[PDB]
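*Asks:* Chains as they are written, first to last, in the entry's author numbering: chain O3, 2 to 107; chain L7, 134 to 244; chain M6, 3 to 199; chain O2, 2 to 128; chain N0, 1 to 172; chain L3, 2 to 50.
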Amino acid sequence: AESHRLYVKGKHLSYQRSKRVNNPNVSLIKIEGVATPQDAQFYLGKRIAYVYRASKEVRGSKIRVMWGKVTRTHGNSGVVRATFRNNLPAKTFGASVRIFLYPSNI
Amino acid sequence: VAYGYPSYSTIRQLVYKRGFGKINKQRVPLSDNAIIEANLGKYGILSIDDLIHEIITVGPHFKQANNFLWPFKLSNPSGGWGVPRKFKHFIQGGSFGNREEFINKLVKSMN
Amino acid sequence: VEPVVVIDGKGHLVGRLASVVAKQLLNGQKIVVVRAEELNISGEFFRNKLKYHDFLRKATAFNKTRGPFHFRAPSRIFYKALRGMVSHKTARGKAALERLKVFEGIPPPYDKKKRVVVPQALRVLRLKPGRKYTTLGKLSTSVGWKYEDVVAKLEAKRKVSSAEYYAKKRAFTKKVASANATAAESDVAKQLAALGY
Amino acid sequence: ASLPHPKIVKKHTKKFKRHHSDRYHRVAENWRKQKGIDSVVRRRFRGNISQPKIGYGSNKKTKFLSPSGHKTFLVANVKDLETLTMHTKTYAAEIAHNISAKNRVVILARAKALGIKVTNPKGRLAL
Amino acid sequence: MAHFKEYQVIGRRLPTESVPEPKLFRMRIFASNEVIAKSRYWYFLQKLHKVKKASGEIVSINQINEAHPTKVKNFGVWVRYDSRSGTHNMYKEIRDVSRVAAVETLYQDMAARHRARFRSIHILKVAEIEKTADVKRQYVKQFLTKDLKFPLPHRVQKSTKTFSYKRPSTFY
Amino acid sequence: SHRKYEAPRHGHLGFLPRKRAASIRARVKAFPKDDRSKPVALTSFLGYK
RNA sequence: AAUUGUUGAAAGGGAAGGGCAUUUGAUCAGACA
RNA sequence: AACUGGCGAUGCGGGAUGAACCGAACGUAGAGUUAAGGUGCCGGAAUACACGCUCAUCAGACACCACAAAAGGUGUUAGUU
RNA sequence: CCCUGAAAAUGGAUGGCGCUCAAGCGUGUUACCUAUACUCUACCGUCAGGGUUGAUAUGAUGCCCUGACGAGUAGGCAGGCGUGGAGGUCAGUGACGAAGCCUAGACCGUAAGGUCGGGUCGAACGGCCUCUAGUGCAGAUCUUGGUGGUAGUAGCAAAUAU
RNA sequence: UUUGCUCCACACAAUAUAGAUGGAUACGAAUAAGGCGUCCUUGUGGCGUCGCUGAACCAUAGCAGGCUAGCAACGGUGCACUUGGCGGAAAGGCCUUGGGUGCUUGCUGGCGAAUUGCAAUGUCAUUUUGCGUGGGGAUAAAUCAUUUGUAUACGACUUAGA
Ligand SMILES: [Mg+2]
Ligand SMILES: [Mg+2]
Ligand SMILES: [Mg+2]
Ligand SMILES: [Mg+2]
Ligand SMILES: [Mg+2]
Ligand SMILES: [Mg+2]
Ligand SMILES: [Mg+2]
Ligand SMILES: [Mg+2]
Ligand SMILES: [Mg+2]
Ligand SMILES: [Mg+2]
Ligand SMILES: [Mg+2]
Ligand SMILES: [Mg+2]
Ligand SMILES: [Mg+2]
Ligand SMILES: [Mg+2]
Ligand SMILES: [Mg+2]
Ligand SMILES: [Mg+2]
Ligand SMILES: [Mg+2]
Ligand SMILES: [Mg+2]
Ligand SMILES: [Mg+2]
Ligand SMILES: [Mg+2]
Ligand SMILES: [Mg+2]
Ligand SMILES: [Mg+2]
Ligand SMILES: [Mg+2]
Ligand SMILES: [Mg+2]
Ligand SMILES: [Mg+2]
Ligand SMILES: [Mg+2]
Ligand SMILES: [Mg+2]
Ligand SMILES: [Mg+2]
Ligand SMILES: [Mg+2]
Ligand SMILES: [Mg+2]
Ligand SMILES: [Mg+2]
Ligand SMILES: [Mg+2]
Ligand SMILES: [Mg+2]
Ligand SMILES: [Mg+2]
Ligand SMILES: [Mg+2]
Ligand SMILES: [Mg+2]
Ligand SMILES: [Mg+2]
Ligand SMILES: [Mg+2]
Ligand SMILES: [Mg+2]
Ligand SMILES: [Mg+2]
Ligand SMILES: [Mg+2]
Ligand SMILES: [Mg+2]
Ligand SMILES: [Mg+2]
Ligand SMILES: [Mg+2]
Ligand SMILES: [Mg+2]
Ligand SMILES: [Mg+2]
Ligand SMILES: [Mg+2]
Ligand SMILES: [Mg+2]
Ligand SMILES: [Mg+2]
Ligand SMILES: [Mg+2]
Ligand SMILES: [Mg+2]
Ligand SMILES: [Mg+2]
Ligand SMILES: [Mg+2]
Ligand SMILES: [Mg+2]
Ligand SMILES: [Mg+2]
Ligand SMILES: [Mg+2]
Ligand SMILES: [Mg+2]
Ligand SMILES: [Mg+2]
Ligand SMILES: [Mg+2]
Ligand SMILES: [Mg+2]
Ligand SMILES: [Mg+2]
Ligand SMILES: [Mg+2]
Ligand SMILES: [Mg+2]
Ligand SMILES: [Mg+2]
Ligand SMILES: [Mg+2]
Ligand SMILES: [Mg+2]
Ligand SMILES: [Mg+2]
Ligand SMILES: [Mg+2]
Ligand SMILES: [Mg+2]
Ligand SMILES: [Mg+2]
Ligand SMILES: [Mg+2]
Ligand SMILES: [Mg+2]
Ligand SMILES: [Mg+2]
Ligand SMILES: [Mg+2]
Ligand SMILES: [Mg+2]
Ligand SMILES: [Mg+2]
Ligand SMILES: [Mg+2]
Ligand SMILES: [Mg+2]
Ligand SMILES: [Mg+2]
Ligand SMILES: [Mg+2]
Ligand SMILES: [Mg+2]
Ligand SMILES: [Mg+2]
Ligand SMILES: [Mg+2]
Ligand SMILES: [Mg+2]
Ligand SMILES: [Mg+2]
Ligand SMILES: [Mg+2]
Ligand SMILES: [Mg+2]
Ligand SMILES: [Mg+2]
Ligand SMILES: [Mg+2]
Ligand SMILES: [Mg+2]
Ligand SMILES: [Mg+2]
Ligand SMILES: [Mg+2]
Ligand SMILES: [Mg+2]
Ligand SMILES: [Mg+2]
Ligand SMILES: [Mg+2]
Ligand SMILES: [Mg+2]
Ligand SMILES: [Mg+2]
Ligand SMILES: [Mg+2]
Ligand SMILES: [Mg+2]
Ligand SMILES: [Mg+2]
Ligand SMILES: [Mg+2]
Ligand SMILES: [Mg+2]
Ligand SMILES: [Mg+2]
Ligand SMILES: [Mg+2]
Ligand SMILES: [Mg+2]
Ligand SMILES: [Mg+2]
Ligand SMILES: [Mg+2]
Ligand SMILES: [Mg+2]
Ligand SMILES: [Mg+2]
Ligand SMILES: [Mg+2]
Ligand SMILES: [Mg+2]
Ligand SMILES: [Mg+2]
Ligand SMILES: [Mg+2]
Ligand SMILES: [Mg+2]
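Spelled out as structure tokens, the structure:
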């Protein structure tokens, strides 16, 4: 209607890191309204899209997507680890992100 | 070291899952009963549970039955260690020395 | 959650607000802090006066300008508690900072928007009852902050227009919950009641 | 059409370039190992370039295979191009660089005839 | 040192040809698991008798479960500990519901008030105080006055989201 | 070491920097406090030396 | 070759250059069949 | 001087920083589990839980380690005769 | 536990911000984060243990199974890469363009290095098995030559005057 | 200097983007106390009620939301117009009058949807600039040189010149 959102909103927080070396192969994902890591085993294996724009048209759009998947729960607060076709940019740190509802299980 | 008293349950689950043999070295996975038989059949022992039996009872051939088993190769414990600092005695809230009946839970997390 | 989060500083402990503001900032959440002068600091006013003076003495020797800059206004003190919790010399830090605004008083837009509170930095919830603490306005004014009277003038007039605003509001919601009572016991209402509403 | 092989996995596509080859002109990028006594590089301090070592060496399966699947062999004339006659699923022929234009057309041709791939099939091509 | 269980322990001076059936001594150790408990048993026996683990044996180690775990009790406690300047005995009174739940807060109190860690305390005696008014210490006697009641003012609520739109109460 | 003979500094730092000024008309950085009961008139004036 | 002029593209808040990784721009191989 | 372990000749993780400390010693990678050390924010990780203690008009805050003493206090704390 | 005792020279350091029912001190309970370590797999190389001359196709220092290991200065050894000349050979490349030089184009090698396109050029040159040494450069206040920043700067003001 | 500048209108084009994708939803103050309703003697007042989280409130069905019929209401909301008024802290936005108009899922209907082939953001934001079109509106100056000396190493300053 006014709303069409079929996914949950997310944020690209950090790469996996230690204090002093990061790992672009895993990004860490904050899912809106997901609080425990009990709460976040529901989004395990869901698919994630970071959508973005560009100025060159491509396959007939100026809109692009990087695709990924939740893979495990990260620490006590419902942050989630995830990996992507290509690694998310690092400029994207604190950019939004779509966790979808599929694969499903209800 | 941390050490103590294994149960049949964790001697079972060690041999079955991570037990290999020293067969001209060659660290050989067990995986079939006729691997054992060919080398410990000498002294009885013609089955994997035959191994377990001769181990868990310290029977007449425990030296060659034991040394046949290639030193086990565990992971870091799954739960973690439960101590904060490990290199104290068990009695002093660390991880080493004889913790006895509990050497199991530890092992069944490292397996 | 929201495009911009407006925070009523009044009642909030400096570092514990700075800490949560820093994190909302870095996770992409634009934030605006208001009434910074009504912000709180643990310890009585003297300890925090003394503290600001200790700050105040550090300056580059050969040229006092290139050295540390000391800012007097309750908001710049607040931004300072914040900036040091942000990797502010990086590309990403300048990013996150631009999402943040700090003000004395509640200036336009934000006086008509709703402003929100942070329980985990709320002094009345955080501090132990009986400790002594500091109001950032008094502390600022004692080290050079000029505009403490003007602000409370401008605010004492704000809080008037807003009481009126609230007044009309409370008067209207009396009608609405009035009409809401004629509609009760009807067929609709009792059904919703079943579905939790 | 090339004989079938596992996924070619390269392992380290980046060129190992000599230390400070990038810092003084005098110093070619041509790899040399740092023999000095302080050299972070030789010491493997965290954040310096990495050096060539034998873990990097490629899977014996796919080793020497160009993208296609064909170990390229160098060719100076038809006789040489002919040594590949019973091998085309396995051994492309790269025309030698000094082979004239009138002589690559003999070689290109004969390649097609016999079913052999030619890697650089365009040099001195009268277009 | 952890969450505590009470253990009776029983040992005896390894038998000899000319002294079979040596004499058997019991302690009640306050420890977390049975491996520590026996350690302590030998720690203390070698403080009274000519034994060590090397030459004796534990006869029985048995857990002791509190007799009435929903009967609030007033516990007197007797302690010896080492300070940074010497060693000294004490007596405290703990109000709780099982000998073991008290030994827990004892070691906490000893730690907070007297900076004494486990290694420096000896639990001389723990005892259920039968009649009231044998309750000597005040911080306990407060809780034994008739028809006692008391508010819990300035109540403070664990906020579950970062932002709030109210402005809290501390009401109660 | 340590001076030798203490002696006062040359010049007054509260007149720094010794640059040429913005314009020839130095500015009134301040006006009298206001007595809003008097009549109203100007509180400064201009001329040429 | 160092070094230089022009032209073209690009970056530059107290050096420059490098590692891992990815965005974007440019350029390219192979592989379909 | 003695014994061992090290550094030198050695990178990796912790100790902000650091030849020698803690952990752990290195072929190229993937998944997992951890060590020492940490988890307000910088900074990955509980503004977690529970009992106490401390309010400093120069509080205090983690080994090696980057110092403080005798002597005092009717601050408050719990104990002793 | 806190206070007093407790005095130094640029301005400044529990690492920083900051923190006071702590984000402080003692102690307890869990959860959680992440090393080149541990476990499993893949690939490389090393070492070892075995198997396999039976012709009628291609490697016997070869082929095939299997296990374990991999830090490194001085230093040893090994197996390779590149140059000038020399014996053999591919009846090798070339004025329908050899060598050389250029090239944020291409491919092979872990690497020394190797191969190709295109441009520029003009007379020679290479693979493979052997032979040989005036055989590999970043450094030696190295040798000879060339070139920068410096910098359109220092300066071009004695001797009277045009 | 080749018909330029500017405000409103639409069109094509380019170029962006620290990161829309139902709604940032307005008292103030206290916290060992308050919000709301109600009553009065209008108080530091009587009485009632609530909290214990926004887990809320509002919105939300319709080709991404198409084409149409009607009923019950006289309510709601979008738009462009107009009435009166408020807001200077950064007001640049808020409240109000009155018609016109679109929609209304408040209720009852007629019609459409496939083949995008079992997922591939499946494109619906808002930045800034550029080029022509015609609906309003507007017709400067600063610099060089010359010049004063309240100025000055040079730039700069300060004057003066139809
Ligand atoms: Mg980051
Ligand atoms: Mg991580
Ligand atoms: Mg990737
Ligand atoms: Mg960034
Ligand atoms: Mg960020
Ligand atoms: Mg885990
Ligand atoms: Mg678990
Ligand atoms: Mg653990
Ligand atoms: Mg620790
Ligand atoms: Mg396991
Ligand atoms: Mg953002
Ligand atoms: Mg400075
Ligand atoms: Mg800062
Ligand atoms: Mg940012
Ligand atoms: Mg509180
Ligand atoms: Mg390579
Ligand atoms: Mg060298
Ligand atoms: Mg050295
Ligand atoms: Mg070095
Ligand atoms: Mg030819
Ligand atoms: Mg060429
Ligand atoms: Mg050619
Ligand atoms: Mg003990
Ligand atoms: Mg003893
Ligand atoms: Mg003792
Ligand atoms: Mg909590
Ligand atoms: Mg002097
Ligand atoms: Mg003198
Ligand atoms: Mg002034
Ligand atoms: Mg003024
Ligand atoms: Mg600068
Ligand atoms: Mg085909
Ligand atoms: Mg040592
Ligand atoms: Mg040594
Ligand atoms: Mg030496
Ligand atoms: Mg060594
Ligand atoms: Mg070492
Ligand atoms: Mg380190
Ligand atoms: Mg450490
Ligand atoms: Mg240790
Ligand atoms: Mg920081
Ligand atoms: Mg974090
Ligand atoms: Mg001080
Ligand atoms: Mg003092
Ligand atoms: Mg001092
Ligand atoms: Mg302090
Ligand atoms: Mg110590
Ligand atoms: Mg330190
Ligand atoms: Mg003395
Ligand atoms: Mg003392
Ligand atoms: Mg005292
Ligand atoms: Mg005493
Ligand atoms: Mg204390
Ligand atoms: Mg200094
Ligand atoms: Mg200190
Ligand atoms: Mg810290
Ligand atoms: Mg702290
Ligand atoms: Mg603690
Ligand atoms: Mg648990
Ligand atoms: Mg937890
Ligand atoms: Mg490591
Ligand atoms: Mg590895
Ligand atoms: Mg052989
Ligand atoms: Mg080696
Ligand atoms: Mg080699
Ligand atoms: Mg050679
Ligand atoms: Mg040669
Ligand atoms: Mg030559
Ligand atoms: Mg040449
Ligand atoms: Mg060129
Ligand atoms: Mg090139
Ligand atoms: Mg180049
Ligand atoms: Mg190349
Ligand atoms: Mg090739
Ligand atoms: Mg090629
Ligand atoms: Mg050519
Ligand atoms: Mg040529
Ligand atoms: Mg000639
Ligand atoms: Mg030859
Ligand atoms: Mg030779
Ligand atoms: Mg020579
Ligand atoms: Mg060299
Ligand atoms: Mg060289
Ligand atoms: Mg040189
Ligand atoms: Mg040279
Ligand atoms: Mg050298
Ligand atoms: Mg030289
Ligand atoms: Mg010279
Ligand atoms: Mg020069
Ligand atoms: Mg000149
Ligand atoms: Mg000159
Ligand atoms: Mg001169
Ligand atoms: Mg004269
Ligand atoms: Mg941007
Ligand atoms: Mg308001
Ligand atoms: Mg009111
Ligand atoms: Mg009330
Ligand atoms: Mg009322
Ligand atoms: Mg009345
Ligand atoms: Mg009233
Ligand atoms: Mg009342
Ligand atoms: Mg509400
Ligand atoms: Mg509609
Ligand atoms: Mg319908
Ligand atoms: Mg009608
Ligand atoms: Mg109508
Ligand atoms: Mg204004
Ligand atoms: Mg504003
Ligand atoms: Mg305005
Ligand atoms: Mg209408
Ligand atoms: Mg609708
Ligand atoms: Mg669309
Ligand atoms: Mg026009
Ligand atoms: Mg005129």
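We treat Cβ as the ideally placed atom computed from N, Cα and C, and that holds for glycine.
Give a yes or no on whether 8 Å exceeds the smallest Cβ distance from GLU170 (chain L7) to chain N0.
*Replies:* It does not; no Cβ of chain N0 falls within 8 Å.
*Asks:* Per DSSP, which residues does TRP78 (chain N0) bridge with? Please list them.
*Replies:* Beta-bridge pairing links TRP78 (chain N0) to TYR91 (chain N0), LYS125 (chain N0).
*Asks:* For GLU40 (chain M6), count neighbouring Cβ atoms within 10 angstroms of its own Cβ and tell me buried if that reaches 16, exposed if not.
*Replies:* Answer is buried; the Cβ neighbour count reaches 16.
*Asks:* Under 7 Å: does the beta carbon of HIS3 (chain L3) sit that close to some heavy atom of ligand 52?
*Replies:* Checking the Cβ of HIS3 (chain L3) against ligand 52 gives no.
*Asks:* Quick one, are the C-beta atoms of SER32 (chain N0) and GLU66 (chain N0) less than 8 Å apart?
*Replies:* Taking 8 Å as the Cβ cut-off, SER32 (chain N0) and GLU66 (chain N0) do not qualify as a contacting pair.
*Asks:* Rounded to a whole number of angstroms, what is the C-alpha to C-alpha distance between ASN172 (chain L7) and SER164 (chain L7)?
*Replies:* Roughly 14 Å between the two C-alpha positions.
*Asks:* Can you give me the Cβ contacts of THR44 (chain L3) inside the same chain, cut-off strictly under 7 Å, excluding the 5 residues immediately before and after it?
*Replies:* Result list for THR44 (chain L3): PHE32, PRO33, in chain order.
*Asks:* On the criterion of 16 or more Cβ atoms from any shown chain inside 10 Å, does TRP147 (chain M6) qualify as buried, or is it exposed?
*Replies:* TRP147 (chain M6) comes out buried.
*Asks:* Of the residues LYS90 (chain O2), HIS88 (chain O2), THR89 (chain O2), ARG105 (chain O2), which one's Cα is nearest the Cα of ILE96 (chain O2)?
*Replies:* The candidate whose alpha carbon is nearest that of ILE96 (chain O2) is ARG105 (chain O2).
*Asks:* 8 Å is my cut-off, CB to CB: does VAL35 (chain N0) come that close to chain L7?
*Replies:* Yes, its Cβ sits closer than 8 Å to a Cβ of chain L7.
*Asks:* Taking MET1 (chain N0) as the query, report the chain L7 residues whose CB atoms sit under 8 Å from its CB, ordered along the chain.
*Replies:* In chain order: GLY226.
*Asks:* Taking a cut-off of 5 Å, which residues have a beta-carbon closer than that to any heavy atom of ligand 20, in chain order?
*Replies:* This criterion selects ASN78 (chain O2), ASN104 (chain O2).
*Asks:* Listed in chain order, which residues of the region 124 to 158 of chain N0 have Cβ atoms closer than 9 Å to some Cβ of chain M6?
*Replies:* Per Cβ criterion, the list reads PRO153, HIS154, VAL156, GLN157, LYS158.
*Asks:* So what's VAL162 (chain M6) in DSSP terms, helix, strand or just coil?
*Replies:* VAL162 (chain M6) falls in the helix class under three-state DSSP.
*Asks:* Output needed for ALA185 (chain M6): all residues of its chain with C-beta closer than 7 Å, excluding positions within five of it in sequence on either side, in chain order.
*Replies:* These residues qualify, in order along the chain: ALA191.
*Asks:* Let me know if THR74 (chain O3) comes out buried or exposed under the rule of 16 or more other beta-carbons within 10 Å of its beta-carbon.
*Replies:* That one is buried.
*Asks:* What residue does the alpha helix (DSSP H) around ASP183 (chain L7) start on, and which one ends it?
*Replies:* Here the alpha helix (DSSP H) through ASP183 (chain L7) covers 181 to 189.
*Asks:* If I'm right that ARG151 (chain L7) touches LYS238 (chain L7) with Cβ under 8 Å, what's the distance once you round it to whole angstroms?
*Replies:* Their Cβ separation, rounded to whole angstroms, is 17 Å, which puts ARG151 (chain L7) and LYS238 (chain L7) out of contact at 8 Å.
*Asks:* CA-CA distance, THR137 (chain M6) and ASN77 (chain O3)?
*Replies:* Roughly 35 Å between the two C-alpha positions.
*Asks:* Tell me whether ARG68 (chain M6), by its Cβ, gets closer than 7 Å to a heavy atom of ligand 2.
*Replies:* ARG68 (chain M6): no, Cβ never under 7 Å from ligand 2.
*Asks:* Alpha carbon to alpha carbon, what distance is there between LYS18 (chain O2) and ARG24 (chain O2)?
*Replies:* Cα-Cα distance, rounded: 11 Å.
*Asks:* What residue range does the beta strand (DSSP E) around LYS10 (chain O3) cover?
*Replies:* Its beta strand (DSSP E) spans residues 9 to 18.
*Asks:* Of all Cβ atoms in chain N0, is any one closer than 8 Å to the Cβ of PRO5 (chain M6)?
*Replies:* Cβ-Cβ to chain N0 under 8 Å: no for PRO5 (chain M6).
*Asks:* Would you check if the region 99 to 117 of chain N0 and the region 39 to 54 of chain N0 touch, i.e. whether three or more CB-CB distances between them fall below 8 Å?
*Replies:* The region 39 to 54 of chain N0, when compared against the region 99 to 117 of chain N0, does not touch it at the 8 Å Cβ threshold.
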